[PDB]
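Participant: The following block contains the structure, expressed as structure tokens.
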Number of protein chains: 6
Amino acid sequence: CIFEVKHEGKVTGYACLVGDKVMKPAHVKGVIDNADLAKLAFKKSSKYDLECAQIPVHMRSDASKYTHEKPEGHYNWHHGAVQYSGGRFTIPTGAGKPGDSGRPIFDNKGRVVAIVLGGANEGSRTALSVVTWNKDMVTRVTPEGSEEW
Amino acid sequence: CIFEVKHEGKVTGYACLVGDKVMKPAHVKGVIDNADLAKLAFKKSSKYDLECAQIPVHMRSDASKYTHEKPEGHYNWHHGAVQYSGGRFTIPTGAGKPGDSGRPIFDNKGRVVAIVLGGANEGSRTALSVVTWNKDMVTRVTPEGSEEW
Amino acid sequence: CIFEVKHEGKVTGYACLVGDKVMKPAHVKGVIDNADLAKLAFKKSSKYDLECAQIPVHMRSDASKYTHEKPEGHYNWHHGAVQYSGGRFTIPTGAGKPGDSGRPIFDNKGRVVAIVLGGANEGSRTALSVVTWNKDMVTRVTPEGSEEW
Amino acid sequence: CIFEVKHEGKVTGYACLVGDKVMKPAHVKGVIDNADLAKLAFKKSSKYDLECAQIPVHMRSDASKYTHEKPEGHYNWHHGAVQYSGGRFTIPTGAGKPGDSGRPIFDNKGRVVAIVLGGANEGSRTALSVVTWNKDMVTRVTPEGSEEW
Amino acid sequence: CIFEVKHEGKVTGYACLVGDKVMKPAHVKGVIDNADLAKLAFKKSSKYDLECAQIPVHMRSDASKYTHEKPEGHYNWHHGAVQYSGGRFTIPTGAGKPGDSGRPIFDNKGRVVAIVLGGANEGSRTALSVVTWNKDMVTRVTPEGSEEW
Amino acid sequence: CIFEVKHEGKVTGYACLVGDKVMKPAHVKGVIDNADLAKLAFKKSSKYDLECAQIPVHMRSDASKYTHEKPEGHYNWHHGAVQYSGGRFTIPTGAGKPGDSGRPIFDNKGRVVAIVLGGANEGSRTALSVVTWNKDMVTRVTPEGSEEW
């Protein structure tokens, strides 16, 4: 699902294929380093800091699954764990640096629970700024003091 | 895309297949360690410190994509990041040593933003000497004090 | 046998399939991260801090074996050893942190001897709070000063 | 010759096939982790801290040779050397910890000279408690202050 | 070729099958830990500190080859190198400890050039006491200050 | 190509099969540790510190290739790199100790560029004494202060 969004040879973020859409955090500079994906029609929402595009048939096989079911506990991401409690995601400050946008936070069954956009460093833990689902909806949860990765 | 250019058993640089051409920095000693590629007709420009050759049909599948879209920000390369600002690329002095020619600097979507030729060490940062694109053109940006890798 | 019980993306404990039932410590927040298991009919006992459910035919193959035969000596668990003496289980303080509920303590032949619920830290050793068997019965042994993991 | 004697997944000692019998130190908890060997008829002597069983034809090939010829000097064991003098075996304190029962002490020609049961730590050297041969007999030599391994 | 000579469970030296004979340094206590070899007729020479026995047909396949051709240079042994110069063998003091008798020193083609009996520690180098060949003869070279291993 | 030249069990140098001849530095004591090679007719030149012999048909397959093409740059040898500039070879003082004669210095394509005979230690770099080719000739380059390895 993760496809990197390059900008003049510099990887600036990522783009996941979640379900039937190709998502990419709007704030991220650059184009998707996949020919087919770059050529698509992207719709941009500044509200959700998103910029999605409906996936082509031949890529739907590589499309990941998403979910709203996000019980308190621990999740997985590129940089290890993600504590999830209080409708809030957190990672140990320093695991996520800029350039980590568009990465998915998934459960142990693979399902994508949310997509990182940035994070508010609050001591030992950074409270992640995310794009999450909600009973057939796409919400956006963002903490005060949040940077954009 | 990267194919190493050997010289008497010593790897002296690299050669990327960007788009429909096989590029290789002219200054680099040796031949490409790929049978098919070595046998091609190479045209050499001393202006761009380049020596390209139009890719054979069977290798076009392994051909990478390139781009002029290079917004300020961060890029990826073999040795980590590449700061890109002021129409200038930079890496932390010491990441790129000689023998790193022909390596591509790409964005997060894979697209090749530029190709390293060498670099001018200016303290903590080395300003890279590169071959970059420009709205259907191949330009060459090189800083004063530049060595050839 | 171990299946993790997630709560909003945060793993809060575990659930083992011991024999013909699927056990889970009642105190644990969340749902079992296995589709089939979540959908079952769970009966809850506050007496035993348990919440079991009779296993479906297709999962009985992955069902572990249990036993009352627990002679003094050493047992195995996720975090190494477990001293067992005086009808009491103990682990070196610090091996078991919260989030370790529902984990089994087994013998060298695989049989599950007990299931952790929490533990009373008493110096170098923590005396474990467990669910154990007893000649075709399910007992619960818990020490004073016990926390819930 | 060495076959480990497991007890609830915990290796508690060993069992060697010396000559035509399968020996095992009686004090050791558990069963032999070899199907065929477990099923045999074991005779137990509390005098010699032994529990032998006459070897099956198909295993006699893997049966080791034993000997009474034990001249003063050095012997081999799992944990290096064994000083042998004064009708006494010794190893540097700390080489043999509990769980080392049933291991053989052999000569440079392979012959098994004795079988460890435990040992009396007497400073830098521990004087081993052993089962040894004696002109077609099985004797047992044990020092004061001996533990059982 | 190497077969260990055990003494009451303590390995005291070794025995190599060189050519058509089974050699063993006479000074070594114990019996050969190979049934067939122990049962043979051994002839002992105190002159050569040897005790050879003509090899049985079924073991001749595992018999090693020997040679008198020993040009100055380096040889191989269990404990690395062996300098050979001045009709003298040497190893760095400390490579060979007692219990290393009967070990062969061979060339890069496998041929056994000599058999260790002991050695005279003379500083950084120990000059080995050996049994060597000499145009269809078995000689014995031994340095002043030699111990027996 | 490299075959070691032993002397009384002590490896004193080497012998490479370069092209159609078997070369060996004349100064080296001992015989080649290869039966077939030892039996050949060797011609010795004191001028070139060489002692070559025309290779037998069955060994010509294992014969290496040589070359006069030696452009300034870096070469390979047993002990790493070899700087080559000013018609001179050099290695960092200490890489080549005595006993390194007859070793080849080759290019990245395998071709043997020269054969070491010894070297003049001149500080941090030792300027190698070599046997090199020259448009269908065998020359010998040797620096003042050269030892023989």
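Going through the structure tokens in order, the chains are called A, B, and so on, while each chain numbers its residues from 1 and the ligands are numbered from 1 in the order shown.
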What parts of chain D does DSSP call alpha helix (DSSP H)? I'd like the answer as number ranges by chain.

Facilitator: D: 35-38

Participant: Near chain F, which residues of chain E fall within 10 Å when you count only C-alpha atoms, and what do they look like as an NGL selection string?

Facilitator: :E and (68-76 or 81-89 or 105-109 or 113-114)

Participant: Could you name the residues that touch residue 48 of chain B at 12 Å or less, counting only C-alpha atoms, but leaving out those on the same chain fewer than 2 positions away, as a list in words?

Facilitator: residues 23, 24, 25, 26, 27, 43, 44, 45, 46, 50, 51, 52, 115, 116, 117, 129, 130, 131, 132, 133, 137, 138, 139, 140, 141 and 142 of chain B

Participant: Work out how far apart atom CA of residue 96 of chain C and atom CA of residue 146 of chain C are and give it in Å to one decimal.

Facilitator: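 Rounded to one decimal, the two atoms are 12.3 Å apart.
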
Participant: I need the residue nearest residue 95 of chain C from this list: C:110, C:3, C:17, C:126. Use only C-alpha atoms for the distance.

Facilitator: C:126

Participant: Among chain C, which residues carry a DSSP assignment of strand (DSSP E or B), reported as a PyMOL selection string?

Facilitator: chain C and resi 3-15+17-18+21-22+31-32+43-45+50-54+64+66+73-77+80-84+89-92+104-106+112-122+125-133+138-141

Participant: Could you check how far atom CA of residue 16 of chain C sits from atom CA of residue 64 of chain C, in Å to one decimal?

Facilitator: 8.0 Å

Participant: Using Å and a single decimal, report how far atom CA of residue 19 of chain F sits from atom CA of residue 65 of chain F.

Facilitator: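 Separation of atom CA of residue 65 of chain F and atom CA of residue 19 of chain F: 5.2 Å.
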
Participant: Which of these residues is nearest to residue 66 of chain A, using only C-alpha atoms: A:21, A:125, A:111, A:103?

Facilitator: A:111
